[PDB]
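Now for the letters of each chain:
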Amino acid sequence: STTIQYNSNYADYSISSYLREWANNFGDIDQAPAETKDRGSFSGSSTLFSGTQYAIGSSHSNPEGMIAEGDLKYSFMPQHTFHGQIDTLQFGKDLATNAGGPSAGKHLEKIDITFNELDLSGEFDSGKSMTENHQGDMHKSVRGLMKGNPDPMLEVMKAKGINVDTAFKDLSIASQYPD
Ligand code: HEM
């Protein structure tokens, strides 16, 4: 059921070439200066580590950002596992916070690509170990991206049957945003 909407500027990108470009600019969070690091934030001020939206911008002073929407959960200490389910995933640049400050949620001022009905899931079991819990699709794919590495996400997409080697122009599941 996954579909994709893309800005016309990316009609001649593929999922692979887009996410590589995006991830190379976003950069590896672990390599970032501590004082410019953005670990992301969840909407919904009653809960620091879960919510319907998770937004994260480059820790390397670049404008690249990503927004995930769904039933989003993060276990924080000590297993640091991102789990639940991502229905919609959006990439672009220039993350800005919504009216209301830090847990109001965010938007991208420049939206490049949106994945719809992504069904990107993962489970967390407090009785399992960290290395086991990190095997979930949702965790390893998003964690890869925050580490400037799109390969885990691309592998998930391919395993789903999504073609990542083809121009958005020429992907049956993709349609262009009206300019
Ligand atoms: C509100 C959002 C988040 C906050 C405030 C946060 C905070 C932290 C902090 C303070 C650490 C320990 C220091 C470090 O290793 O850099 C950490 C580690 C880590 N974070 Fe999170 N994080 C967030 C979201 C995420 C997400 C969404 C993921 C995965 C997709 C993630 C994955 C990890 C991993 C794998 C570690 C390392 C655990 C280890 O190997 O010791 N974090 N995070």
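Cut-offs applied
Residues numbered from 1 in each chain as written, not as in the entry; some residues may be left out. Heavy atoms only, no water. Axes fitted to C-alpha atoms, helices over the stretch in contact; angles between N-to-C directions. Helix = DSSP H or I, 4+ residues; strand = E, 2+ residues; numbered from the N terminus. Parallel < 35°, antiparallel > 145°, perpendicular 65-115°, else oblique. Left-handed = near helix turned anticlockwise from the far one by under 90°. Contact = heavy atoms within 4.5 Å. Nonpolar A, V, L, I, M, F, W, Y, C, P; charged D, E, K, R; others polar. Near = heavy atom within 4 Å. Polar contact = N/O pair within 3.5 Å; in protein donor to acceptor, adjacent residues only side chain to side chain. Donors = N, O, S within 2.8 Å, 3.2 Å for Na, K, Ca; no water. UniProt positions renumbered as here; feature names shortened; annotations may be inferred. Buried < 20%, exposed > 50% of the residue type's maximum accessible area, 1.4 Å probe, protein only. Patch = residues over 30% accessible without salt bridge, like charges linked within 9 Å, V, L, I, M, F, W, Y side chains within 5 Å. Areas by Shrake-Rupley, 256 points an atom, 1.4 Å probe, with all protein chains shown as cover. Salt bridge = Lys/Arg side-chain N within 4 Å of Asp/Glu carboxyl O. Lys, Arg positive; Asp, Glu negative; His and termini not counted. Charge placed at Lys NZ, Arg CZ, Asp CG, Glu CD.

1. A few points about the packing of helix α1 (residues 15-26) against helix α4 (residues 151-160)
- For the pair α1 and α4, interaxial distance at closest approach is 10 Å and the crossing angle is 160°. Viewed along their axes, α1 and α4 adopt a mutual orientation that is roughly antiparallel. The two elements α1 and α4 cross, and the hand of that crossing is right-handed. On the side of α1, the interface is formed by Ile15, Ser16, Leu19 and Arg20, while α4 contributes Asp151, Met153, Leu154 and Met157.
- Residues belonging to the contact of α1 with α4 are distributed by class as follows: five nonpolar, one polar and two charged.

2. Describing the site of the ligand
- If you check the shell around the ligand, you find 15 residues, and the closest are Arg39, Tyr74, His80, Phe82 and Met146.
- Within the side chain of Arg39, an N or O atom sits 2.8 Å from an oxygen atom of the ligand.
- Within the side chain of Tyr74, one N or O atom sits 3.1 Å away from a nitrogen atom of the ligand.
- Sort the elements by how many residues they give to the shell around the ligand and helix α3 (residues 137-146) lands first, with four residues.
- The class makeup of the residues in the shell around the ligand is nine nonpolar, four polar and two charged.

3. Some points on the coordination of the iron atom of the ligand
- For the iron atom of the ligand, the protein contributes exactly one donor atom, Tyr74 (OH), at 2.2 Å.
- Mapped onto the secondary structure, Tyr74 falls in strand β4 (residues 64-74).

4. Observations concerning the UniProt feature "binding site: heme b 3" (unreviewed entry) in the protein chain
- Taken from the UniProt record, the annotation "binding site: heme b 3" (unreviewed entry) applies to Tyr54, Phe82, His83 and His139. Maximum C-alpha separation among the annotated residues is 12.9 Å over a sequence range of 86 residues, consistent with a single clustered spot.
- Take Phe82: it is sitting in strand β5 (residues 82-97).
- Its location among the elements puts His139 in helix α3.
- Using a relative accessible area of 7% as the deciding quantity, one classes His139 as buried.
- With residues near it in sequence (within four places) discarded, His139 still touches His80, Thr81, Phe82, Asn133 and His134.

5. Observations regarding the UniProt feature "binding site: heme b 2" (unreviewed entry) in the protein chain
- The residues that UniProt annotates with the feature "binding site: heme b 2" (unreviewed entry) are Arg39 and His80. Spatial clustering of the annotated residues is evident: they stretch over 42 residues in sequence, but the largest pairwise C-alpha distance comes to 11.7 Å.
- The topology assignment puts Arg39 in the loop between α1 and β2 (41-42).
- The contacts of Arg39, once residues within four sequence positions are left out, are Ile29, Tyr54 and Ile56.
- With respect to the element layout, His80 can be found in the loop between β4 and β5.
- Leaving out residues up to four positions away in the same chain, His80 has contacts with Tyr74, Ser75, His134 and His139.
- Side-chain polar atoms of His80 contact the side chain of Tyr74, separated by 2.6 Å.

6. What about a negative patch on the surface?
- Together, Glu69, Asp87, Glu117 and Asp119 make up a negatively charged patch on the protein surface.
- Looking at the element boundaries, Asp119 is found in the loop between β6 (106-116) and β7 (120-122).

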